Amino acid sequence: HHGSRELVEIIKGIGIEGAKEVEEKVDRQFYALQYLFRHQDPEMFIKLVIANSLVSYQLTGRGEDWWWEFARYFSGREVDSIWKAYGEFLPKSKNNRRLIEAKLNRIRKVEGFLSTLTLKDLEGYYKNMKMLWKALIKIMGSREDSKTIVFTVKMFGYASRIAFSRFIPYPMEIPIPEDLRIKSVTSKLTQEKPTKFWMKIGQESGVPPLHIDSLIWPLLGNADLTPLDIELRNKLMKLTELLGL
């Protein structure tokens, strides 16, 4: 379990400020959320993003397509029960129609928690994201490093920065979302568990693993980096090389 001086260095060179640029100018899920926010109540918008995140696994389509499908469905839609809306949404969806019973059960669980929260409580959770993290681990009964829990924090942070008009960095303590592709890329580097491997990279670089996640994913896909400054693009090309793609 060797570390990586070169990954630390490039990620440090990019910085949280670089990850923020990628998140807001490249990440297509962010843009889907920007659209829904313009067509939804702010409080409901944030809660829907939490609920959606909790069922964004074993999809029947591309993740980006799924988040756009969510954004179109809830745009201009009055939601009373989040649980009842997903009951109608998922079975008729293109991109998420497997394991609907299990996923609806998950939304049922979180729905209680969310019913207790005001918009000010959510602004509170944005200002203190480890608290949300811990509260989601509680209500869902999942591991600290559960890919779906940490992804839900990440997406909550996207929604909040849109809704609350300010950027707050993710906590260093929240691990990277370890889905199959992140395991795959990481395994080319090490046999160490990705969440542990990338926590150390994050700690040493000063860039939280949830912001590191934002740097990696465009490089795994088909990203348009032209919104970014030449210096940032150059660093991302170096990162691409160091990851072996």
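Numbers for residues come from their place in the sequence shown, where the first is 1.
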Inset, instruction - Output the stretch having the higher mean C-alpha B factor in the entry; the candidates are 143-151 and 93-101. - result: 143-151
Inset, instruction - Can you let me know which of the two, 56-64 or 177-185, has the higher average C-alpha B-factor in the entry? - result: 177-185
Legend entry - Ranked against its chain, the third holding the CA B-factor of residue 87: middle
Inset, instruction - Give the position of residue 11 by CA B-factor within its chain, expressed as the lowest, middle or highest third. - result: lowest
Legend entry - Among modelled residues of the same chain, the CA temperature factor third for residue 162: middle
Inset, instruction - Please place residue 125 in the lowest, middle or highest third of its chain by C-alpha B factor as given in the entry. - result: highest
Inset, instruction - Report the third (lowest, middle or highest) to which the CA temperature factor of residue 36 belongs, ranking only the modelled residues of the same chain. - result: lowest
